[PDB]
Amino acid sequence: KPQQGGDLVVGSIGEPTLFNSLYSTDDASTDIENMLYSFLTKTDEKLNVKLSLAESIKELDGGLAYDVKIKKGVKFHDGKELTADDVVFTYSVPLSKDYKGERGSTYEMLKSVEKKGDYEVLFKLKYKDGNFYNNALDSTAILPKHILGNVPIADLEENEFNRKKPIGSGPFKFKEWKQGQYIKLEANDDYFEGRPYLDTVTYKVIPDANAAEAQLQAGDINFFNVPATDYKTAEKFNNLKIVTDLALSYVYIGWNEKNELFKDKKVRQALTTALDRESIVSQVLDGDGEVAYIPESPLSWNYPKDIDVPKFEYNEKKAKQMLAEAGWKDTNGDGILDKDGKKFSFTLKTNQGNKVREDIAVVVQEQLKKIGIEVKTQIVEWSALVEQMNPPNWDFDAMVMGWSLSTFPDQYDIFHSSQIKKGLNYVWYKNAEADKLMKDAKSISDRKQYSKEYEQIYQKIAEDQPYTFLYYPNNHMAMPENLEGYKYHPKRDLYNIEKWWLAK
Amino acid sequence: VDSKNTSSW
Ligand SMILES: [Zn+2]
Ligand SMILES: [Zn+2]
Ligand SMILES: [Zn+2]
Ligand SMILES: [Zn+2]
Ligand SMILES: [Zn+2]
Ligand SMILES: [Zn+2]
Ligand SMILES: [Zn+2]
Ligand SMILES: [Zn+2]
Ligand SMILES: [Zn+2]
Ligand SMILES: [Zn+2]
Ligand SMILES: [Zn+2]
Ligand SMILES: [Zn+2]
Ligand SMILES: [Zn+2]
Ligand SMILES: [Zn+2]
Ligand SMILES: [Zn+2]
């Protein structure tokens, strides 16, 4: 039944930065990595962990060690055999004092990684942490030691390997990256699970959602996440079908607490209270999506079904009062709030090509103007904005942004204060009581006990409003009407693309 | 799999 052949052209509004899971922080990079490389495990469309490169994984010492046997006969794109050496190399990099990436959180539970045979590795942990089995194993792309094994770890991120000479063992091989235009990949004929059916996959960079929709209509791209507002338009396009479901994601406003304006919890609570988030969803998403009050996706087994968290529902006069109570009032008749010789004025950034977020930024500007807060909007190209938000820059006052969430629910990576300096706590949030809860939660094995203790963490994050949570988005995936073998995955848009085929 | 900044939605 399955038929070999064809070319998929995937439209993307964001350009990748590099292809290396130890350094990338963004979904566009991750999309390409998942085609180029292999991983010990893979989380499937039901969010279950499955073996991929691993032949077997045995949990030892109550979760303080993992003995991993690797499939034999797996080749890198250069024809060389993947072995334990490569796995030991790759997972040892973030344990080096010279590691300069933002992914330290994923590996900090590791004490060591040891070769036990040509195809066998033992992982040893310093303490129990479910992030290792459930996140590190499926997130860590295996790199070739015979290429990178002697590059100084301080210089690994800059290496040309990560941009235009990547060599992996994944289902597609790198052909070309025409900067600002596209990345072209070709089926790996020697892929360990069998060659892809598709001959090529092209990731076409179009930082303008309207332009991408027009290209989809014309047949210049044939796979795209259509904005909800364009659904009724796109469903009429020739030769296409659309698969729709909830994304493992939320969209938010990040308030940078490096900025004086956003250090006070009461001010952050006021900003949320000033925003008509239901109207945002109605207006900007045409009602397609739900307002978010919790830093977790409804898809998660950890999502709290029966929790009453503070919501900070829209109330313009209450926001005014809260800001006055916090010391802000217009003291110069200019219409904008004033405190200690400073005016409440800042820049709200978001990413070029996401018309929904661009619109949200304008709506936030208008709604906050009504309570005397001045916002300048700024649209920035995706790769640059990723660079700006990350350490060592944190170069934003506020941003409209999203997370593609981890499939293993743990807020430590994003909200623990230890993750500010070199991790994903871009907004400089610190609640010492929340820190303790998140740290202590790692040792809780039973899921019911874990979820129960997480109710307290959600309460603290909700109360503190380090973000204004905006909504849980839906994906609307347009694809060729004859595309077979596709399964909807809420996190990986191109999940198992090597198994998709075009019926002819 | 771990958290990533997402461009879409
Ligand atoms: Zn970096
Ligand atoms: Zn030892
Ligand atoms: Zn040992
Ligand atoms: Zn040997
Ligand atoms: Zn080798
Ligand atoms: Zn150097
Ligand atoms: Zn061939
Ligand atoms: Zn346009
Ligand atoms: Zn929809
Ligand atoms: Zn609704
Ligand atoms: Zn003023
Ligand atoms: Zn635009
Ligand atoms: Zn618009
Ligand atoms: Zn307390
Ligand atoms: Zn994607």
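If you read the protein sequences in the order shown, they are chains A and B.
Quick note: the first sequence uses the working numbering, first residue 984, plus one each step.
Quick note: the second sequence uses the working numbering, first residue -17, plus one each step.
For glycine and all other residues, C-beta sits at the position ideal for the given N, C-alpha and C.
So, is the C-beta of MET1384 of chain A closer than 9 Å to a C-beta in chain B?
Taking Cβ atoms only, chain B reaches closer than 9 Å to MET1384 of chain A, which makes this a yes.
Between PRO1149 of chain A and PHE1157 of chain A, what straight-line distance do the alpha-carbon atoms span, to the nearest angstrom?
Their Cα atoms are separated by approximately 7 Å.
State yes or no: is the C-beta of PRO1210 of chain A within less than 9 Å of the C-beta of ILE1480 of chain A?
Going by C-beta atoms, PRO1210 of chain A is not nearer than 9 Å to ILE1480 of chain A.
Mind pulling the alpha helix (DSSP H) runs of 4 or more residues that sit fully within the stretch 1398 to 1471 of chain A?
Qualifying alpha helix (DSSP H) stretches, in chain order: 1415 to 1424 and 1430 to 1447.
Closer than 8 Å by C-beta to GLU1085 of chain A: which residues in its own chain qualify, once you throw out the five before and the five after it? Chain order, please.
Once the five neighbours on either side are set aside, the close Cβ partners of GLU1085 of chain A are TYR1006, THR1008, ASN1373, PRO1374, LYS1405, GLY1406 and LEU1407.
Listed by chain order, chain B residues near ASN1242 of chain A by CB distance under 7 Å:
By Cβ distance, chain B contributes nothing, its closest Cβ being about 19 Å from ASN1242 of chain A, past 7 Å.
In the DSSP assignment, what are the bridge partners of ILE1225 of chain A?
As DSSP reads the structure, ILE1225 of chain A sits in a beta bridge with A:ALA1461.
Check whether the Cβ of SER1428 of chain A sits closer than 8 Å to any heavy atom of ligand 15, and report yes or no.
Not one heavy atom of ligand 15 lies closer than 8 Å to the C-beta of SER1428 of chain A.
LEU1320 of chain A versus A:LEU1331, A:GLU1240 and A:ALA1302, residue with shortest Cα-Cα distance:
Measuring from the Cα of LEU1320 of chain A, the nearest candidate turns out to be A:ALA1302.
Mind checking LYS1029 of chain A: buried by the 16 CB within 10 Å criterion, or exposed?
Exposed, since its Cβ has fewer than 16 Cβ neighbours within 10 Å.
Contact set for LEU1181 of chain A: own chain, Cβ-Cβ below 6 Å, skip 5 residues either direction
Excluding positions up to five away in sequence, the list reads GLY989 and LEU991.
Which residues of the stretch 1195 to 1206 of chain A have a Cβ closer than 9 Å to any Cβ of chain B? Give them in chain order.
Of all residues in the stretch 1195 to 1206 of chain A, none has a Cβ within less than 9 Å of some Cβ in chain B.
Decide if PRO985 of chain A is buried, meaning its Cβ has at least 16 other Cβ atoms within 10 Å, or exposed.
Looking at its Cβ environment, which holds fewer than 16 other Cβ atoms inside 10 Å, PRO985 of chain A is exposed.
Check whether the Cβ of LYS1083 of chain A lies closer than 9 Å to any Cβ atom in chain B.
Not an interface residue.
So what's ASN1117 of chain A in DSSP terms, helix, strand or just coil?
Here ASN1117 of chain A carries a helix assignment [DSSP, helix/strand/coil].
Quick check on DSSP: helix, strand or coil for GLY1272 of chain A?
In this structure, DSSP gives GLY1272 of chain A a state outside helix and strand, which the three-state scheme calls coil.
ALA1192 of chain A Cβ short of 8 Å to ligand 12 heavy atom set:
Result yes, Cβ under 8 Å from ligand 12.
Return the first residue and the last residue of the alpha helix (DSSP H) that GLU1016 of chain A is part of.
Run containing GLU1016 of chain A: 1010 to 1019, per the alpha helix (DSSP H) assignment.
Under a three-way DSSP split, which group does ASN1145 of chain A fall into?
In this structure, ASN1145 of chain A counts as helix in the three-state DSSP scheme.
Considering only heavy atoms of ligand 7, does any lie closer than 8 Å to the CB of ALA1217 of chain A?
Set against 8 Å, the gap from the CB of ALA1217 of chain A to the closest heavy atom of ligand 7 is not smaller.
So what does DSSP say about residue 1488 of chain A, is it helix, strand or coil?
There is simply no residue 1488 of chain A to check, as chain A begins at 984 and stops at 1487 in what is shown.
Hey, which unbroken runs of the beta strand (DSSP E) at 3 residues or more fall wholly within the stretch 1080 to 1136 of chain A?
Complete beta strand (DSSP E) runs here, min 3: 1093 to 1100 and 1103 to 1108.
Per DSSP, cross-strand counterpart(s) of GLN1162 of chain A:
The partner list for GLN1162 of chain A (beta bridge, DSSP) is empty, contrary to what the question assumes.
Measuring CA to CA, which of A:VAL1347, A:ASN1337 and A:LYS1322 is closest to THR1330 of chain A?
It is A:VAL1347.
Quick one: does the C-beta of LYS1288 of chain A sit closer than 8 Å to a heavy atom of ligand 12?
False, no ligand heavy atom lies under 8 Å from that Cβ.
Secondary structure of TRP1365 of chain A, DSSP reduced to three states:
DSSP places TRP1365 of chain A within a helical segment (H, G or I) once states are collapsed to three.
Which of the residues in the stretch 1362 to 1387 of chain A, read from start to end, lie with their CB under 8 Å from any CB of chain B?
Cβ contacts with chain B: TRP1365, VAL1369, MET1372, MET1384, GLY1385, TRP1386 and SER1387.
Neighbourhood of ligand 13 [Cβ distance below 5 Å to any heavy atom], ordered by chain position
Those residues, listed in chain order, are A:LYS1338 and A:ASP1342.
According to DSSP, is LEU991 of chain A helix, strand or coil?
In the structure shown, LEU991 of chain A sits in a strand (DSSP, three-state: E or B).
Whole-angstrom C-beta distance between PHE1391 of chain A and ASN1117 of chain A, which should lie under 8 Å:
Indeed they touch by this definition, with Cβ atoms about 4 Å apart.
Hey, is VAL1234 of chain A's beta-carbon within less than 9 Å of any beta-carbon in chain B?
Taking 9 Å as the threshold, the shortest C-beta distance from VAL1234 of chain A to chain B falls below it.
Of all Cβ atoms in chain B, is any one closer than 9 Å to the Cβ of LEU1407 of chain A?
Yes, contact with chain B.
Quick one: is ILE1225 of chain A near chain E, going by C-beta distance under 9 Å?
Of the protein chains in this structure, namely A and B, none is chain E.
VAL1264 of chain A (DSSP reduced to helix, strand or coil):
It is helical.
Test: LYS1158 of chain A CB closer than 9 Å to a CB of chain B
By this cut-off, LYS1158 of chain A is not an interface position.
Identify the residues that DSSP records as bridge partners of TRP1238 of chain A: which are they?
According to DSSP, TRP1238 of chain A bridges with A:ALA1381.
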